[PDB]
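Here's the structure, in structure tokens; my notes come after.
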Amino acid sequence: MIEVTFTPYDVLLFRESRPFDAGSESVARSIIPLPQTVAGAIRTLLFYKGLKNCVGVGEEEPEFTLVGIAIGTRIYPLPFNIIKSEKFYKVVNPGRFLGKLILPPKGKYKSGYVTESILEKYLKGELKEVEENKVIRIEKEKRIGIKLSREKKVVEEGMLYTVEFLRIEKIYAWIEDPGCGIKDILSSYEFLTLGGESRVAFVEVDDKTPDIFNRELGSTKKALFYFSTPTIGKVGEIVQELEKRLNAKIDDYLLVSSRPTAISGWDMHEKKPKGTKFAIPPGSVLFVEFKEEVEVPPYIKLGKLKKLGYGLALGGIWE
RNA sequence: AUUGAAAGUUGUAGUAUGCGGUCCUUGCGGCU
Ligand SMILES: [Mg+2]
């Protein structure tokens, strides 16, 4: 597995799906980067390097597989079963009622990010709570710009716009290369355009598997699956897929989640927006009670568009 | 082949208008 590290020179824009044309709708608000955007940046580099075989021009997916992405300062969205109570974010474990897994009422969820070490303790079921100071928020930087007339140096009519950028220190991407020679091509490049407004990020590439993908969790009936990237597909099909890949049937499951992630994007091949897809948002947790004990995998890919970085679930246990 | 491409928060704008360092005060006492 190859590990790509993107270091933004300054700011990044991963624009939400909304009109953003000069002289009209003029507000661009960034979201947390979707893995397909990172995949697109890599595919575009290969598209220009002449490796159009691995790109998948006009195709939904490339030949290579983007395992997933993570932002860094490496941090992850607070699991949705972690609820803020006073100055602490408390882990809420599944309960049972009428023979069904439920999450007991303990307050509303508040968004935020935690370090990889805090997530690791969570996945091992050893995390009780997190002090509110260790819960990170992503910094935004709002910039307001204009367009000037060529000669008179005054603002052209209606040419004012606003961008809410993200201030991100690092983005990590992991790629499985079936022999396209991506590691060599990425090594030849120092930087690439990532997201909107022609912002660039420095590129480093190392041949390594992150330790979080190599954890030994043991065997249990009570496994959980933390989605680190958006996961596309019906919950039923995802659970069924999970049953097949682990060769074990499920007694019951509970999806703790939030607002669905709206995913469209821009088709650079056809020069028009991509079709809207809906996904289980990062930070969502699928609690599963298998009928038999399973060896909980450190990570597992689920749902549609796996090669674009979607459906990266991190294994964990609960009691 | 990335909700992507493209867009100078710029142009005009005097820290200025009014305002007394003035009022009260014996170079004197006779001492060292
Ligand atoms: Mg632009």
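Letters A, B, ... mirror the listed sequences (proteins, then strands); counts begin at 1.
The side chain of A/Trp266 lies closest to B/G4 when the candidates are B/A1, B/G4, B/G8. If you check B/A7, B/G4, B/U2 against the side chain of A/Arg15, the one that comes closest is B/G4. When the nucleotides B/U2, B/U10, B/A6 are ranked by their closest atom to the side chain of A/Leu148, B/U10 comes out on top. Nearest to the side-chain atoms of A/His269 among the listed nucleotides B/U3, B/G8, B/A1 stands B/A1. Among the nucleotides B/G4, B/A7, B/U2, the one closest to the side chain of A/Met159 is B/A7. If you check B/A1, B/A7, B/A5 against the side chain of A/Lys147, the one that comes closest is B/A7.
B/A7 has A/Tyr161 stacked on its base ring, the centres lying under 5.5 angstrom apart and the planes within 30 degrees of parallel.
A distance of about 16 Å separates the P atoms of B/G27 and B/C23, rounded to the whole Å. Using atom P as the reference point in both B/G11 and B/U15, the two lie 16 Å apart (nearest Å).
For the strand RNA chain B, secondary-structure stems (runs of at least three Watson-Crick or G-U pairs, all distances below 3.5 Å) are absent.
Checking the phosphate oxygens (OP1, OP2) of B/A5, a side-chain nitrogen or oxygen of A/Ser198 falls inside 4.0 Å. Of the side-chain N and O atoms in A/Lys274, one or more sit less than 4.0 angstrom from OP1 or OP2 of B/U3.
Nucleic acid contact class of A/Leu34 (heavy atoms, under 4.0 Å, all strands): none. Here A/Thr193 lies in heavy-atom contact (under 4.0 Å) with a base.
Using a cut-off of 5.5 angstrom for ring-centre distance and 30 degrees for interplanar angle, B/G20 is classed as not stacked on B/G21.
Contacts of A/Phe213 classified as ring pair (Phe, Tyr, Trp, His ring centres under 6.0 Å), with partners at least two apart in sequence or in another chain: A/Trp174, A/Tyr299.
In terms of position along RNA chain B, the nucleotide closest to A/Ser264 lies nearer the 5' end than the nucleotide closest to the other residue of the pair A/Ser264 and A/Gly145. RNA chain B is contacted by both A/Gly40 and A/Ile144; A/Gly40 maps to the nucleotide lying nearer its 5′ end (nearest heavy atom per residue).
The side-chain tip of A/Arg74 points at the ring of A/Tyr172 from less than 6.0 angstrom away and within 45° of straight on.
Just one residue in the list A/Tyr226, A/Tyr109, A/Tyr122, A/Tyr89 forms a ring-ring contact (aromatic ring centres under 6.0 Å, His included) with A/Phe80, and that residue is A/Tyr109.
Scanning both residues, A/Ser17 and A/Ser264, for their nearest heavy atoms gives OG-OG, 3.4 Å.
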